[PDB]
Amino acid sequence: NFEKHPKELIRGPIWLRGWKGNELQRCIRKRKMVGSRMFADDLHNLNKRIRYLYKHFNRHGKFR
Amino acid sequence: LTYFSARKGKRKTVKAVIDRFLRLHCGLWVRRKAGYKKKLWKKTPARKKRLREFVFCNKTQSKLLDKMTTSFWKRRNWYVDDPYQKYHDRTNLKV
Amino acid sequence: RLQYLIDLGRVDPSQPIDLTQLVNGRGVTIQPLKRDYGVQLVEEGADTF
Amino acid sequence: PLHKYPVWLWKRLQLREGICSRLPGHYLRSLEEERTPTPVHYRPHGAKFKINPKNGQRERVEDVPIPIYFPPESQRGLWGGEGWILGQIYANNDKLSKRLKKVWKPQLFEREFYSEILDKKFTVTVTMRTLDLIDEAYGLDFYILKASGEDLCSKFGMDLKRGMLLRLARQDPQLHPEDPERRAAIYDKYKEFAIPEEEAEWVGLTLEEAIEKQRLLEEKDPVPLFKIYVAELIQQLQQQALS
Amino acid sequence: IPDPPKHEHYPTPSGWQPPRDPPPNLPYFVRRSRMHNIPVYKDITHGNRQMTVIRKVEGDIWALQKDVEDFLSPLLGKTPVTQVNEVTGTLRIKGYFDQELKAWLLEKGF
Amino acid sequence: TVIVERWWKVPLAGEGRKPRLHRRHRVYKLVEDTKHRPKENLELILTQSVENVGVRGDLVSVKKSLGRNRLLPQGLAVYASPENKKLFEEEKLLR
RNA sequence: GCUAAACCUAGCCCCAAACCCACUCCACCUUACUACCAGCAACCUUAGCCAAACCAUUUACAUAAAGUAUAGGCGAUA
RNA sequence: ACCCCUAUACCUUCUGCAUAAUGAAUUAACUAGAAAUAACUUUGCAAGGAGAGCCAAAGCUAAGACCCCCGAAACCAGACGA
RNA sequence: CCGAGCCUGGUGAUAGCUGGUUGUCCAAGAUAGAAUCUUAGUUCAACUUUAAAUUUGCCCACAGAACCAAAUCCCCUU
RNA sequence: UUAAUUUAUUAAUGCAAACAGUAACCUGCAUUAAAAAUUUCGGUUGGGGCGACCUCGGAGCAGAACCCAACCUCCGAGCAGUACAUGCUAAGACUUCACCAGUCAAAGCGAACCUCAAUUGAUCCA
Ligand SMILES: [Mg+2]
Ligand SMILES: [Mg+2]
Ligand SMILES: [Mg+2]
Ligand SMILES: [Mg+2]
Ligand SMILES: [Mg+2]
Ligand SMILES: [Mg+2]
Ligand SMILES: [Mg+2]
Ligand SMILES: [Mg+2]
Ligand SMILES: [Mg+2]
Ligand SMILES: [Mg+2]
Ligand SMILES: [Mg+2]
Ligand SMILES: [Mg+2]
Ligand SMILES: [Mg+2]
Ligand SMILES: [Mg+2]
Ligand SMILES: [Mg+2]
Ligand SMILES: [Mg+2]
Ligand SMILES: [Mg+2]
Ligand SMILES: [Mg+2]
Ligand SMILES: [Mg+2]
Ligand SMILES: [Mg+2]
Ligand SMILES: [Mg+2]
Ligand SMILES: [Mg+2]
Ligand SMILES: [Mg+2]
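Residues numbered from 1 in each chain as written, not as in the entry; some residues may be left out. Chains lettered and ligands numbered in written order. Part of a larger assembly, values for the part shown. Heavy atoms only, no water.

cryo-EM is the method the PDB entry states for this structure, with the resolution given as 3.5 Å.

1. Quick look at the pairing of strand β1 (residues 2–6) of chain F
All names here are of chain F. Along β1, 4 of the 5 residues are buried, which leaves the element largely enclosed by surrounding structure. In the sheet, β1 pairs with strand β2 (residues 28–33) via 5 bridges, with the strands oriented antiparallel. The partner of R6 across the bridge, within β2, is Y28. (Buried < 20%, exposed > 50% of the residue type's maximum accessible area, 1.4 Å probe, protein only. Helix = DSSP H or I, 4+ residues; strand = E, 2+ residues; numbered from the N terminus. Pairing = 2+ DSSP bridges.)

2. Some points on the protein's contact with RNA strand I
Taken together, 13 residues surround RNA strand I, and among them A:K48, A:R49, A:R51, A:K55 and E:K94 come closest. Protein-proximal atoms of RNA strand I, defined as those within 4 Å of the protein, fall in sugar or phosphate at a share of 68%. Side-chain polar atom of A:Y52 to a base nitrogen of RNA strand I: 3.0 Å apart, as the coordinates give it. Per element, the largest residue contribution to the surface near RNA strand I is 6 residues, and it comes from helix α2 (residues 40–58) of chain A. (Near = heavy atom within 4 Å. Polar contact = N/O pair within 3.5 Å; in protein donor to acceptor, adjacent residues only side chain to side chain.)

3. Notes on the pattern of salt bridges
Across all of its chains, the model carries 27 salt bridges over all chains by this definition. A salt bridge links D:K189 to D:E116, with the shortest nitrogen-to-oxygen separation between them at 3.5 Å. Of this pair, D:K189 sits in helix α8 (residues 180–189) while D:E116 is found in the loop between β3 (111–115) and β4 (120–124), placing the two residues 73 residues apart along the sequence. Here D:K189 falls in the partly exposed class, since its relative accessible area comes to 41%. With its nearest N and O atoms 2.8 Å apart, the salt bridge here joins F:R56 to F:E91. On the criterion of sequence distance, the pair formed by F:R56 in the loop between β3 (42–46) and β4 (59–62) and F:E91 in helix α2 (residues 82–94) is long-range, its members being 35 residues apart. With a relative accessible area of 32%, F:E91 lands in the partly exposed category. Taken together, the shared-partner salt bridges in this structure form one network comprising D:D132, D:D135, F:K64 and F:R68. (Salt bridge = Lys/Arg side-chain N within 4 Å of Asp/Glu carboxyl O.)

4. Some remarks on helix α4 (residues 128–137) of chain D
Since the α-helix turns once every 3.6 residues, residues separated by three or four places project in the same direction. Restricting attention to buried positions, one finds in α4(D) the residues D:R129, D:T130, D:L131, D:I134, D:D135 and D:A137. Where α4(D) is buried, its residues contact β3 and α5 (140–146) of chain D together with β3, α1 (64–74) and β5 (77–79) of chain F. One or two steps after α4(D), the chain reaches D:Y138, where phi turns positive at roughly 90°. (Contact = heavy atoms within 4.5 Å.)

5. So, the packing of aromatic side chains
This structure, assessed with the given rule, holds 12 aromatic pairs over all chains. Measuring from ring centre to ring centre gives 4.6 Å for D:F142 and D:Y190, while their planes differ by 65°; the resulting arrangement is edge-to-face. Of the two residues, D:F142 sits in helix α5 while D:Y190 sits in the loop between α8 and α9 (197–200), which places them 48 residues apart along the sequence. Given a relative accessible area of 12%, D:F142 falls into the buried group. Counting every residue linked through ring pairs, the aromatic cluster contains E:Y28, E:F29 and E:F110. Across the ring face of B:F54, the terminal group of B:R32 is positioned such that the distance to the ring centre comes to 4.5 Å. (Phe/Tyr/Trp six-rings, centres within 6.5 Å; stacked < 30°, edge-to-face > 60°. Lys NZ or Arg CZ within 6 Å of the ring centre and 35° of its normal.)

Structure (structure tokens):
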């Protein structure tokens, strides 16, 4: 009788726990939900990725 | 046109399109003609009349417009006394 | 639509037809976000009601 | 990997952890509060809702303060609640011209100032707004007392306030013999304010300063273990006697 | 969802009528929906292609299909061009014939 | 003080939040300076009769410079507070 | 038949949890690793590439409302 | 086996290359298509669908199925060099 | 290796330009034009591919398409 | 640099702001300088440069439905005149090979009893 959802069953990283996403989207999620408690260097890397990813998606590509 | 936004990761809308056009629920996009309020002294009555009419859009153009907006603008609306309401649904079609 | 609802049992005409009842019946779905200000009553089944 | 507590809490955690724990509760509270200062370089929105033009629709309106910059000169002497405004201007106030950076400085002055609580004439780097504020509050002393720590915006001012508080508390001989009645009158003028002496000691301190003070307080040369041992022995003897 | 109240006269105003008791003994049977309607739906694939689906078929779908064909040959002047699917007891029928189909079903007594 | 309006409209944030800003919200627009303004006359009560500017006991509106530089430091005048006003009134009554 | 080949376990990546480390003695801000003598002191918008097919204002840094109101060489986009 | 007859390496790039145009000694392992709307597909349910919000004049929920790699001269910030 | 050093970072800078872009097999498949800081590119058209719904499509014969050659258009039959 | 956009920096001025009397230094806003800074350097073209051209219209090339090029040959336009129902609406068509722009127009309502070949310019902003 729907006490719980099967998305509470899944045990993994706190940000993507019953949530699919893209690459860029995933990164964004990570930055918001965790960011503040991330290792400086890693945070920077993430930011860079986001910057890159956005550019790749929103500009570079085919079918635009 | 921003396929993935930076904060949400959604499609954004080209707001110019929104400003300029009307999306009827059938699929058709309505536009006002260009030069409809410019140099009317030199324009002849018939021409003026033509300019003042609300013209439909093409297939390709329509597609482009659709691409440029998001599924919010395509939704069914039920405004109180919209002058265009009757044109959203389309009747009597056959290929 | 209303008539159909009545026929089907959901939405009871012996009690009042407040919006809540309609919602329960599920003849009318409405959404305050997307600025819906309730239901408007329409003619479509005027006769045969 | 990730951290347990986020980076914007580390400072907070630090307080809990060590010597800053042993600071008195009444001091740390002040540090923690962080209430917004009074608007100075921006006209605030009166109401939280308004109704804008263009569309006849009410929507909320938060008044965001201008960042501001206090150079260390300001700290040295009372300015108002004000300092330097680092910003940018559009060339002729049209956006389609150059954007170019601008520092608005305030007009500093030098002035003498008497204070009845301290009995001394201070020369300060004061601006006209400060003067106005003082006038509004009437006495300089009053202003110092009345004005909150986050609106005072000066370390010197804070120090002065602290001193005043201390004076109020102790009831020290400030005007010495021949003026006891006068002193009393002065005290009564500021019956308001005047916190207990053990709070007024810590008013207007920085964190580091506070820490230093704490250290000084709980310094003490270590007690010889020998003495302790002797005491223990004595206790034992007493116990034996009893039984 | 409530099972509907037993009316005096059928069909009910708005054209609803319950499935008759006992069931009509045949090679096939058609269930009703959650909402007690006869499940005969329209569907448009491409902007062009228009069809209708009878989708709650049970038992001998072939027989049902045959019956449908028989019914619809006078209305077209052809056979209707149908696709059955045994696994999910369905019947895709090319061109819209929904209301008529529903009526037929009602007559049959499902 | 220099009052500076903000060009570019900060986008509004929460009850218990700080609105994060952009290098364009730094772009200000000067609205006013508190100097370059009609100066006010402050009200001072007088403890001595001085020149034609005032008399013993009388509250008077004076230029601010005069109030600040000369009268208040020398003890010739006092601020117009509700505290000392009463006292002054009493004195007047006695007189 | 020589050169060579081959080989699993060193360890490592992503998480989860949990808030870490830091004086045997001696030496170490003078030219650090130097046993032993009379002078100062920290805070001050990031920018630009880049996108706009140039470029000059401008160009992002739990869920849902919503890519909505808004903003914008009213465009890129935000 | 050869002798006989037949047969103008390969990729790239081209209107067109055996070209005397590019590249490539050879072996080794490494070394390049990643994303929405809208469609189509087949399921589920159906005047409703969805495990709130969204969409709905057959629709809606479901998955499946498309969108590379290497390369400047550069510009700017903070260090380091007589 | 100074027309403005070197190093790190922003920087996976950017490249309408060049080079490259890896299992098998089958199938359909060739270039009217438009604007364009555009002619080394691009959006629309045209051609092309797929899935659909369809009812005509090509080939065409009399009659017909202006005054100041070759043909074409149109066009029932077949 | 006498190209466009700026003066944030220095430059003095000028006005404020501070001050004093008697019948200068700082700060804010203006000013013209000096220094700089951000800058981009259109295309077509029998290579590029130089020269010429760049939008619109009529005739030839293109002889008989459309269409058709060159830095091919030749003429021209960037208005003028008359009205002031040069009102309002609206079936159905043409179309400069896309779109955008263009053209024509029965009926009706309301009134009487356009000429011209080109004669022109989107959006946003004002
Ligand atoms: Mg369907
Ligand atoms: Mg919120
Ligand atoms: Mg660019
Ligand atoms: Mg590009
Ligand atoms: Mg360039
Ligand atoms: Mg060649
Ligand atoms: Mg050959
Ligand atoms: Mg050779
Ligand atoms: Mg070769
Ligand atoms: Mg090559
Ligand atoms: Mg070559
Ligand atoms: Mg070679
Ligand atoms: Mg690979
Ligand atoms: Mg560049
Ligand atoms: Mg030397
Ligand atoms: Mg690249
Ligand atoms: Mg190019
Ligand atoms: Mg083939
Ligand atoms: Mg142009
Ligand atoms: Mg050229
Ligand atoms: Mg030449
Ligand atoms: Mg055409
Ligand atoms: Mg007429």
